[PDB]
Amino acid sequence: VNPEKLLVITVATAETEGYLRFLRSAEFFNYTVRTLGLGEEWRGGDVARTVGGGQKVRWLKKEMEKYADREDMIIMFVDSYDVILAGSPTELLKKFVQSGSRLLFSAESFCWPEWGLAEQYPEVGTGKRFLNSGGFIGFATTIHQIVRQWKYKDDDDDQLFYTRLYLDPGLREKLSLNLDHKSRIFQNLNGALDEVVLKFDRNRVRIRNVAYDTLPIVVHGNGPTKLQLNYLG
């Protein structure tokens, strides 16, 4: 795929140190970023809370209306305060084509926020079983068909919304939704610190996942792992 057809969309209500860390990594690798929400009031829930972020989906829904018909375009959505990018657009798109997915979500060890949904997920052996909405990549048309279904409160949970759609077998089959079970593109660090090591790559520090033997592009220092991102770059 042509990197000119990839857009990275993120949300930031302020230019925090985390957002600037994200943005520097994106610019170093020559990604094109679209940032939603700068200077707006965050309504996604008190940052202490372990659920929320629906405002992100509402803003993404509005932006995706521009791309509803762009069959050529690939969009990666990521959190920005606790994410860094560690490889090139060419590497990312090669791995995306290899996934065979039209919308690939990051995966994690914990079924959150509704533990009772865990039984509805396919069992996948040693891979990461559950959906995490801090990063996903897919065709713009497919993403629009997902986010246009958002009709909830700004402090409702984004992850629960995407989870319930992913868990609908008919929809998952029709739209070709998938999870990145072996952290080939997305590395969620919460629940996987025992799996990762630092690796020098052209005088940059990135992550190798030694459990799956992968070199993820997107590193998400979610939950209490946020400070681990300061070793990368």
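Numbering starts at 1 and follows the sequence shown.
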message = Tell me which stretch, 187-195 or 168-176, has the higher mean Cα B-factor listed in the entry.
response = 187-195
198-206 versus 49-57 - greater average Cα B-factor per the deposited record = 198-206
key: Identity of residue with top Cα B-factor, from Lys128, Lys151, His144, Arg102   = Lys151
message = What third of the chain does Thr13 rank in for C-alpha temperature factor, lowest, middle or highest?
response = middle
query = Sorting the chain's CA B-factors, does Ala26 end up in the lowest, middle or highest third?
reply = middle
ask   = By the record's CA B-factor, is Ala118 among the lowest, middle or highest third of residues in the chain?
value = highest
query = Of the three thirds of its chain by CA temperature factor, lowest, middle or highest, which one includes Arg34?
reply = lowest
inquiry  = Among the modelled residues of this chain, does the Cα B factor of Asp79 put it in the lowest, middle or highest third?
reply    = lowest
